[PDB]
Structure formats: C-alpha cells, structure tokens
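Just so it is clear, A, B, C, D, E and F label the chains in written order, and each chain counts residues from 1 on its own.
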C-alpha cells in the first residue's frame, strides 16, 4: 500500500484554520468495520506523537482543535486556529496489512 | 508511561549489534511491540514487530533474513539483534507500543489457525542510533 | 494487520490421507455441519430468501443423519460397534488393505451400492436387541 | 476372523450435488450510502475474510461446461435486475408521434446525423392539460413514419418502456458466493488446468473471490488474468465447438469516452412521476470513441495465435462478425449509466500465417438509450442521460471467439452472457459432505 | 424393464398384525416421520415438518427415553386404565385398537411419566 | 433461587446446584411446550394475504430450532450427552486462568466468568473434542483385542 499527501508544506497565518489531506491507494476498511488511519506529529529533534488514532477519535491528551474525517481512501485533517504548538511534521500511517507503511510527510511553517 | 532505550553506537560493515528497550510499569505480556527507523533528513520506516505471546514476529522486506527480534516477559525487555550490517542503515531506531493491547490468539475453527491482531502506536522510545562507518 | 499463528487440524484436511488416521479427525467435520458462515456477529430481498433457504436446508440434512444414528444403537457417539457380521459379497478386502492403504472417497465409491442393504440390517438388529433387553428385565 | 459392522460419523467424503448459494459483502466503506442494482448491502458480513485450506493427496474431476454455478448465477443477475426496475416509473406517455427536424447548429460539424431535438405533446400532472416539450433523441432510438418528418420510438411497437431510477448505480461491485453448512466449494489451483479433466492440486474455500458482474459482448472486461501463458478453452474437440474462450495474461488497457457537455432536464408527466430528458449540449458535439494501443494489442493478439496453433493446424484469419442486430455485431459495455456500442472491425481485420507500434487504434462508438437487456423482448428500459462528460478505462482480460479452404476463421463472439460467467467460475465447483461412513473392523457390540 | 426381488418389511405392513409382532418393525415407521418425498409458503411447509418432529423428540427427552425405541419408566400401571391380561394384549390386539382403548387416558399417563423423572432427585 | 435465571447473582458454587431450572426451560419449554403456534396458523388461513407478523414467526422458529440444535450437537461431540454436569480428561492449563478454587467457586458468579474466559473457549472446545475422539478410538480396539 502506497501513501501520498497534499501538500508537502504549508505556509499559514496564526488564527487561520488549515487542512492536510492523505490519499491511499487501497481502501483501509478492515473486516472489523473500523479503519486503520493514524495521524502523528514529530517536532524537530523529538519523539513522534499520536494525534488521531482512527478517522475520527482523538488521543487522550490532545486539544480539540484537531478534527479528522473521511472514509474509503480520501481522508483529511483540519487544524482549527493554527498556533505556535502546531508546527513540524505530520504523518499518515496505515495498519491494514504488513508492512506498516508511513506517509510522505508535511512541513507546517509560518511566514517569518 | 516511560520507555527507555540503550545499546546504540558505531560499528563496521559486517558486524553484529544488540539494541535494547526496557519498559516501565506495564503488564507487558499483553502489548505487542514495534521497531521504526528514521534516516537523517528522511521519513519514518517500519522494521519489525513481535507479539506479546512472543511467538509470531514479522520483518520488513528489505531487512529480511538479517535481523532477530526477541523479548523476555520476566525482565520486561526487547532484544533486537542485527547481522551483516550494510551502509544504508545509518538511522535512529525507536521501539514502540500499540495503543491498546491485542488479546489472545483467536482460533478459527474452519481452518484451525490462530490469528494475531496488530494496530497503531502510543509511545515511541527515547531514540537510539546506529551509525556504520569504516574508520 | 493480522498474522498466521500456530496451525491445528482444519475442515476436510484428512480427505485423502488414509482410512485409519482420517478417523482421528472425525470431530473436525462434525463441527461444521450445522452452523456455517451464515451466522454473523430490510425484508424479502432476493439475497434474503436465498439466505433463509440455506438455513432451513442445513437443519433438514443435519436431522436426517442424526435421526439415523438414534434408530441405530449409536446416539451421541462418533464410533460405535454393531452386531451385524460383515458379508464378503459386500466387499472382500483385507483388514490391512482398507486400513493403512485405502482412503475414504475410495471406499465410498466401492460400497455405495450396498449401504441401503447394510442400513436395514443395523436397524433390524436394534429392534431385536431392545425387545430382548426388555424381555431380560422380566425376572 | 469374524468381522463386524461399525459405523463412523464425521467422515471426509463428498458427493457432487448442487444447491442454493448466497452472497457475501466485500469491504464496502459505503455501508448504505447509495443503492445499486446488485443489492450488495443485503449480503452477509464476515469478521475473518474467507479462507482456503490446501487439501493434500486428493484429485478431483472438474467440468466447466456442466457447472451449474453458472446457470444459478445467470438467473440471479436477471432477478436482481428486474427487482430494481419494478418500482421505477412506467413511461407509456411517450408512445406518441415525435415531430422534429435535426439540430440547429469553430463549427460544431459533428453529430448532425445521429442526434436531433424532438418536440411532442406530453401529459401534465392534471390529466386535462397538454404541454409542448422538446427532447434530444439519438437517431438509433427513432423510427420513420411512412425536413420536419414524424417519428416514434423503437420498441413502442413491441414493448412498454420504463426508465431507470437514477439513484440506482450500475457499477459492478464484486460479489462472493458462499455455501451452506454441509456443503463445500473446491477450487483447482493447478496452473495448467484446461477447463475439464482432473486436478491434482485442489483446495477448499469458504467463499469464492470477488466476481464483478460486468456485462459485455465480444470482449471480457475487468476480469481475471492467467498465471502462465494464454489459455484457450473450447467445449469438445469434435469440430462442432463454435465458441472459444481466450484468457489473456497481460491486459490491454481500453480507455474510452464520449466528449460532450450535455445537460438533463426534469419533465413532469403525472402525479410526481418525472421524465428525465436531454436538454442541450454545451460546446462542440463530438463522436464517442474508444482508444486501443496498437503496440500491445498487436503483441496480445499474436500470443493468441501462437496458442491456437496447439489446438488447430490451419491458418488463422481474424475477420469481423457480420450480423443483423447491433448487439452481437458491436462491442457493448456500460460506463456508469451509458450503454456504448463500439465498432471493433479494425481490431479483427488481419489474417495470420505460419512464420506499427507508434499509433493508437481508435474505434467508432455509437450510443443509445432504449435497451433490450438479456436477450428478452417486451421489457425495454430507458437509460436517462448523464450530465457532463464520462470516461472509462478498463482492461481486456480475455475475449470470446465464435467459429464459422484449409483456413479457419474466428469471428468475434457475443450474445449469451453465460460465457461471461464461465470465465470466472471455471475453477471451482460445489460438493456435499456426507458424514456417515461404514467399514468392517474386529469389534462387536458387547451385549447387555 | 424392472423386476422385483426379495421382499422385506414395508412401511406400515405390520399395522394389522398383533402388538407382539408389530414391536419388531418400529424402525421402519420412524424413518418416514421426517424425510418425506419432498416461494415463501414453500418454507412454512418445511418448518412445520421439522417442528412436528422435534416436538416428539423433546418430549422423549423430558422422560428418560432419549435415543431409544423401547424405553421403560417406573410409573405403575393403574389397573383402571385398562384391566386386560398380558396375553390378550400382546397376542390378541393391534395397535390401532389399543389406541382407541386408552385414548381417554393419554393425558393422565403422560403427566405421570413426566413427574416420575422430576422425582429422581439424583 | 428457584425460578428461571434466579441464580444469576449468587456465586457459582451455589448457582450450579439448581441447573435443572435452566436445562428444562431450554430443552422442554421451547418447541414441545407450545401448541398455540398452530392456533395462529388457521387465523393466517382466514386472511388471504401474507402479513408482516407471518414472516416474523418464520424467523423466530428458525432461530428457535438452531439455538436448540447448536447446543445439543456440541454436547454430542463431547461425551456429555444427556446430563448436566460432566467431567473430562482435559487438564486445566493455568494460562487460561491462574485463579484459585476458593476465588472462583465462592467469590465469583457465572456472569463474571463469562467476561473472563470467553477469549479462551474456542481453544478449550478444541481440546475436549480431540480428547473425546482419542478416547473412542482407544476403547474400540481395546474392545476388539479380547
């Protein structure tokens, strides 16, 4: 299973919401009926961090600005009111079948 | 929770290392563990995965027949062996834990097989590195 | 993300093995005779009647063989013994020739003309036995 | 010495009976978003995906021309088809006269002789008033009577037209087939399997693979491929076969389209019942066409000839079929609700003997709206127009050859749709497990 | 062309013979209670055929009599039910005539066979 | 505790002393007990149209038959045919539960045992059917030995 993302980098304004989408080749609906999409966050020089561990539901300890959506192969991640703790690397991971591939990866930046 | 690593350093091509990943306050016989790999200036990869049963292990395609994953449920440790080290393995090796515990193997009655279940991530490790060099 | 663990015996896995080691797996086929994939975890569709017909057929065939076990002396059992002596005109083969050498589906194509004659003699010696077990309890 | 009857229960034997199968669902992330023809939400779910047990040391005779899974699947695809069209709107107020003249108008200069607006007196929702209503109609879907002449529809002489409900999708979502308890499906895994005969590698499955109900003539679309080289399957080698099933190894990617930005209007003919016509085409009217890549069609058609030599020693002439009706003469398929009819006379032109890659073959495709499905008469169906442009991109995964000097000729096939389902259901059959066995051992019932 | 070979016990057959000779052909008539010689009312015919069979099999399971043709219970035969001798029952009487003799007393006897199984206390 | 499901709540030492209450409602009082299903058939004969409540009585009969036979088959493959408490030769593996007898039989209900052992019963049932099949083979050729 391959993964591609749009875009490769964002250039946004603090207080303005944005969004990052992932695209899968094969549909990721398991036989449980629940999908296998994972939204991560790596600060530079830091360990990664889960944000959304399905299509929808949010990790215990993440603020409600991060909402997830989608079904089938089309998926998005809509940040609400981008702030100073929302810059770095955003990843997509599937866990439908081995090997557990990661996405390409975005680089969210502001305009200094 | 706390996830501690060690065992990383600098070797030659064609050597053997032994990474380690000791956990803090788990049941740890319920949670299957992972190993991801991040080259400098690249994205993440996936290397290996052992179960909490310590019975079924899987590897990535590029690393097949070279690595060896084991665990000790008494000592609460991970034991990643490596063999015949290439040059392109200069990266950072993080152990990891699924966000929920997989249960037991589920016996399918029609074909008589046991099945394990794998899913995502909670806690990456500290992040240790192995850099292969000549001198 | 799944993975194959340890393996055990499976359905029809001893077909064409032999005749003496395929009788050590009798429960594996006897488990898959009543409940199939039809039972999972809005009305009168074409696929709705065709699913309901598969559930009425699966009870009628199960009760057919389960009736026929109880008419014999063999209810709730997997291997039972009768008092009907084997007749060599049904088949003349040796004891080490059908065991350890023959398989089922080769023995099935051999005596399938004689089963209706065999089935009648098992039922007849069960009437004769149960009358005698009655008439032994008058002392 | 003394042998005795002992009966066993749980014995692995099987007869070769035939029964009623049922379907299963394949990973549909819709879960009743839209509805389609095939009613795939009514199928059952499964928490393990269907599996496959390799059976050792058993051989088994298969026969793809007497398999009854094909005749059972053919009655089900027609049954699901007629279930959907029954609540849709009856369309008897179009059996009237159709007075019209071709269309009005860098230049458009195409489609002038295959399409025309036709005005007519429809019914309103009051059954006392008439409304003067125009609609674009294809030239195939009109008949002369005896500039502005008078026309009427095709099957208004013979049928009663019902249009298709536009929410219902024609997309072939895959369907599995599963067996009830006490039954089994045995598949043949052997690569050199020629349709009939025995099979030394059989395995048993819970359900089949995903079979897409794709309806097509003369070519097979979105099907399966071959493991080794090209397999060629006829009924019986007795010089009366007349149908050849070719299964390719690598596909030939048909891409096929109609360029037009046509519209769709809604016209009320009664109490809530609405007729969906074709309003106007925005922009340049063009023909409909499929492209075939001339490079690997020449490669794939040559490998078919190499394997026809192993059955037949005569020389090979691929000549296009000549017939009366337009269905078994062209290549009919479906793009999301539009029924194409493509002239494949150039794909089947050449002749071959016992002994180019720049361009792309372009096929002229007609298109029509009133459809006589499943070779039946009296139950025509009006496919409504689709707004905008449509585009398909499918795979030729096989083809059907009908057989008609010492130089044999293979016309392109078509017609019967059961030959579509023998392409997929050839490699497995249904058996019936019989658990009671009986054999002589040395143990006798110890009485009382 | 079809001939006819040897003749064995047919379906009813011993319906007119005595109750000592009709109790050796019990297996012949038990085979025909379920099988038969057989589209929504196509199913309701089958489900009644199954549930007429399972109603008599559960009633034999309430008693001690599961999985056998002749069974024995420890209810005493009350001599007011029928007072006939043993030889004029088992040698001079059919089952169709005995069925009319104790047709009044059927629900009384079934109520006692069921009670003496709850009084095992084992 | 007498009454249908009345022992739900008591510990499983005392809830297993009255198992007759459950194995009579689930063997007798299901198909044999009711004769009023064929009193609603003639009322369905009076009306000439198949109603909605006639379809639901098919699906409540075929669920009632299958629920009865898929618990008698499973007691038939094992040696426990016409009885309520039976013993087997399968040794209890402590990786199924390491818990002591006094905690199980005297401080835990049956409904708290369902929510502990349910992942393991498909493995446990394989070992009861296998040991029953090994037993009847052994007592056949022992029988044929003398």
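Throughout what follows, a residue touches a chain if its C-beta (ideal position, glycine included) is under 8 Å from a C-beta of that chain, and two chains touch if they have at least 3 such contacts.
Counted as hops between touching chains, the shortest connection from chain B to chain D is 1.
Using the mean of the Cα atoms as each chain's centre, the chain most removed from chain A is E. Of the two chain pairs examined here, A-B and B-F, the one linked by more C-beta pairs in contact is A-B.
The centroid of the Cα atoms in chain D and the matching centroid in chain F are 48 Å apart. If each chain is reduced to the centroid of its CA atoms, chain C and chain E end up 26 Å from each other. Look at where the CA atoms of chain A average out and do the same for chain E: the two points lie 72 Å apart. Multi-chain contact residues of chain D (touching two or more other chains) are listed as 6, 45-48, 53, 206, 441-444, 446.
Multi-chain contact residues of chain C, defined as those touching 2 or more other chains: 1-3, 8, 10-11, 13, 23, 25-28, 30-35, 44, 52-53, 55-56, 59, 62-63, 68, 75-79, 81, 133. Shared interface positions of chain B, defined as residues touching 2 or more other chains, are 58, 107, 109-111, 113, 115, 118-119. Screening every pair of chains for touch gives A-B, A-C, A-D, B-C, B-D, B-F, C-D, C-E, C-F, D-F, E-F.
Interface of chain F with chain D (complex): residues 140-141, 143-144. Across the complex, chain C meets chain E through its residues 44, 49, 52-53, 56, 59-60, 63-64, 67-68, 70-71, 75-76, 120, 123-124, 126-128, 130-131, 133-134, 137.
Across the complex, chain D is touched by residues 27, 29, 31-33, 35, 71-72 of chain A.
Residues 24, 27-28, 30-32, 37-38, 50, 55, 58, 61-62, 65, 68, 81-82 of chain F are the ones that touch chain E when the two sit in their complex.
Against chain D, in their complex, chain B makes its touches with residues 108, 110-111, 113, 115.
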